[PDB]
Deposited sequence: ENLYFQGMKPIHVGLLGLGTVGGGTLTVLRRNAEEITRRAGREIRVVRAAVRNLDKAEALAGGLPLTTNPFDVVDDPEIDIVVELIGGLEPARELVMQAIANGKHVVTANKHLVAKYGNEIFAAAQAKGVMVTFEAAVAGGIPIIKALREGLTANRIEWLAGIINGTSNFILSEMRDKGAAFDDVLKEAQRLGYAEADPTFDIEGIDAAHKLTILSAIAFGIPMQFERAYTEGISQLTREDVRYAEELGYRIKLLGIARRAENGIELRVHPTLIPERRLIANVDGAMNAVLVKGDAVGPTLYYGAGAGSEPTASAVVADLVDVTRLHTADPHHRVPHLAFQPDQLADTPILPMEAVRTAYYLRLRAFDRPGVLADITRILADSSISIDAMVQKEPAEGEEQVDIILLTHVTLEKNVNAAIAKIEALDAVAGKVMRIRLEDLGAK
């Protein structure tokens, strides 16, 4: 008979997400078995800290040797929840060498080594899945890879890092400085003691790289992504943006341009009318533009215990279904297809077109005349200017090639009348 042999799952790492995963599998067992066609049974977890893992494990057998999982011939699927590059990279490659599928939440590993991992998986005939790696419990990979298969994806924009969104939301709502919002976030447990990956846009850029690979059918190319974080943003910027009709978000943009693909993470002004502009707190959202369907939006929690577990288990079900149905690979199994890739190049940030919020400090009437002539020389059109013995002057530009703005900014900063730098923050309509 079919449906009587359980599929056997092993975990690498446990933690919050692992504990969540065990809880979700047990609690929803009935529905999971129904959809999967057989029971999904967790056999053991390899963990570094045995004592801390006990509280989260609910009596699941634990071991400190990860090869008790990746080399156990009885284990069919490995769930990788270690995070980091090593030893996750080594264990994942070994799991694959042994003919095991891998379900992972590891956006860092997948963004950096996805090409080599998927290539090795396809050669071996196993699946590696990563729904839980991007936007938490939001089924965005399934939406992109399966829901929107009939679409050419023109672009997507995402709020996909909860901590940096929480900070930017709090700054706007409360009016406080970045520094003390970051400190308050750490105290209340919204930001970790070392928040570099969050506030510098690195986490978001890992995830965007993955989204870009699946949206456009290209290799993972994290090194080529432009990233800028939020730490240089001031109270004034948030307030001026508000008065000008915009919200500020840390956005990942992946977009087909004329001569390449944009892959960029940066603070960006979004008109306040847009739904994505009003996605606050620790919530995530991905806005996707397909040629047939138009803009579609997926919104929810992008991190946290049970939301992440939800995506891990969905991947467990998907992998289980295809493992059982199709061991001879009559149909493609991998969401990332090494034999179906396009070589479209990623654009440098300077080759990308965008609009700008510009804020500078200057000392005369001739000051504006020089600034505007510099802008015209670089073919930059102004949408608005506001001047709120030095005055703060704010400029909103039309859409323009970034190289132009770089060159123009250097001339403006060369003006005797200009002390300090020109703070740039990019602006995207998304309409």
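Query raised in the report: Which residue ranges of the deposited sequence are not present in the modelled coordinates?
Result: Those parts of the chain that were deposited but carry no coordinates are 1-4, 368, 394-399, 443-444.
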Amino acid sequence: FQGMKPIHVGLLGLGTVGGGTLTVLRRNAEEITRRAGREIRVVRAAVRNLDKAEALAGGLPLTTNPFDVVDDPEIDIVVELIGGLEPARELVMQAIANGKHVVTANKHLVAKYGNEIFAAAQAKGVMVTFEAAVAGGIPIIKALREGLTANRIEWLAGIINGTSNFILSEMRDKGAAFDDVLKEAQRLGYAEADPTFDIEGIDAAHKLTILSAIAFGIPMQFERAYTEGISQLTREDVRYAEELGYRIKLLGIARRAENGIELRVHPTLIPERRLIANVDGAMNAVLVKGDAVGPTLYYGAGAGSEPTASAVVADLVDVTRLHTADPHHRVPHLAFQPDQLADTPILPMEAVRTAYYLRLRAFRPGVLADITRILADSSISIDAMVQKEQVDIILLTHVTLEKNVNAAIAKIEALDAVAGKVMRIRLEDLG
From here on, numbers count along this sequence of modelled residues.
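Query raised in the report: Which wins on mean Cα temperature factor, 94-102 or 344-352?
Result: Taking the mean B-factor of the alpha carbons in each, 344-352 is higher.
Requested in this report: Would you determine, from the values in the PDB entry, which of 28-36 and 50-58 has the greater average C-alpha temperature factor?
Outcome: Per the deposited B-factors, the answer is 50-58.
Requested in this report: Would you check the entry's CA temperature factor for residue 291 and let me know if it's in the chain's lowest, middle or highest third?
Outcome: Its C-alpha B-factor, which the entry lists for residue 291, ranks in the middle third among residues of this chain.
Requested in this report: Sort the modelled residues of this chain by their C-alpha B factor and say whether residue 187 lands in the lowest, middle or highest third.
Outcome: Tercile = highest for this residue's CA B-factor.
Report task. Report the third (lowest, middle or highest) to which the CA temperature factor of residue 211 belongs, ranking only the modelled residues of the same chain. Result -> Lowest third of the chain for residue 211's C-alpha B-factor.
Requested in this report: Consider only the C-alpha atoms of the modelled residues in this chain, order them by B-factor as the entry records it, and name the third containing residue 310: lowest, middle or highest.
Outcome: Tercile = lowest for this residue's CA B-factor.
Requested in this report: Grab the CA temperature factor for residue 358 from the record and place it in the lowest, middle or highest third of its chain.
Outcome: Its C-alpha B-factor, which the entry lists for residue 358, ranks in the highest third among residues of this chain.
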